[PDB]
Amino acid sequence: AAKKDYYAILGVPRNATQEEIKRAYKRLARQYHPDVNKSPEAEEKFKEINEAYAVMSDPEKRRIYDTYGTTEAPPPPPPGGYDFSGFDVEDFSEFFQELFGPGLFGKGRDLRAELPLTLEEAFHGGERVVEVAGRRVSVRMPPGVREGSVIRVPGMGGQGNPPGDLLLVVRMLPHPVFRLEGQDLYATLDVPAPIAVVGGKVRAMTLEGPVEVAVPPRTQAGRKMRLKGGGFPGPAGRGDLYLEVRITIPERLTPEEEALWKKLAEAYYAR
C-alpha cells in the first residue's frame, strides 16, 4: 500500500542514471543471490532488489513510479500492457500490483487462422507474407505443404505475459485442372482420337510447367499414365502424377478431312 522507495532499496540517489541503477543491481544481486547467500533474510531482500530493478531499469516504467502519488490513483496502461520480461511479476509487492496491475495481463491466448493456398503455392512453398486479422507475419513454408498442416509462428498470437503463438492451418483451394490426393496429383489428358490409335506425343501439363507425353499405339479412353515424381514434394519422398486419358475429337474440319472420317464411320455401320 505505502509507496516503496526503490531508490533506497538499490542504494542509489533520487536522480541516478540508468547505468548507475544497472551496476547497483549487479552489485546487490550477487550479494543476496539464493545460492551464494543461504540466509532467510536474503530471500526477501533479493525479491525487493528484483522488484526495484524491474521498475527502474525501464525509463518508461521509472517515470510512472516517479510521477505516482502526486496523481493519487494508478495511471492508464499502454496499448498491449507492461512488459516485465525475465521478472517473476506475481511474487512482487502489493504496491507494485496496485501501480502496474491495470496493465499486467496473464498468459496470452493462441490465435488459430486458416491459410488458403493454391496447389502451386503449396507445391513451391517458400516465403509467404500473411496478413490474418491482427498482424503482418512472414513465415517459411516447406515445399509440398498439405491441408491441415500447422505452421507455428511463435509469439505472434494474443497479447499477454508472455504473448501467445500464431497457429496457421493450411487450407487447399480447389484447382481447375489438378486434384490432390496424398502426395499424388490427378489430371485429365486430352488426347486426339487419331493420335490415340496410331500412338504419338501429346503436350500435357504439370505444376512445374508443360511436358511432352508419349502415348503408345492403341491406347483406350480411361488409361491412367504415371509420371514418376511429377506430384507433390515431401520430406521423405515425392508423389507422382496420374493422367487419365480422355479421347478428343475435332469440332471443326476442312472438306478434305470430312472424307476420311466418313469412310471410317461407314465401316462401323458395316460391323
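Throughout, we count residues from 1 along the sequence that is shown.
Just going by the entry, 208-216 versus 239-247 on mean CA temperature factor gives the higher value to 208-216. A summary of the deposited B-factors shows that, of 68-76 and 108-116, the stretch with the larger mean C-alpha value is 68-76. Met141 sits in the middle third of its chain by CA B factor, as recorded in the PDB entry. Split the chain's modelled residues into thirds by C-alpha temperature factor. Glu131 is in the highest one. Placement of the Cα temperature factor of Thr17 within the chain: lowest third of the modelled residues, per the deposited record. When the modelled residues of the chain are ordered by their C-alpha B factor, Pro34 lands in the highest third. Ranked by Cα temperature factor within the chain, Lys61 sits in the lowest third according to the deposited record.
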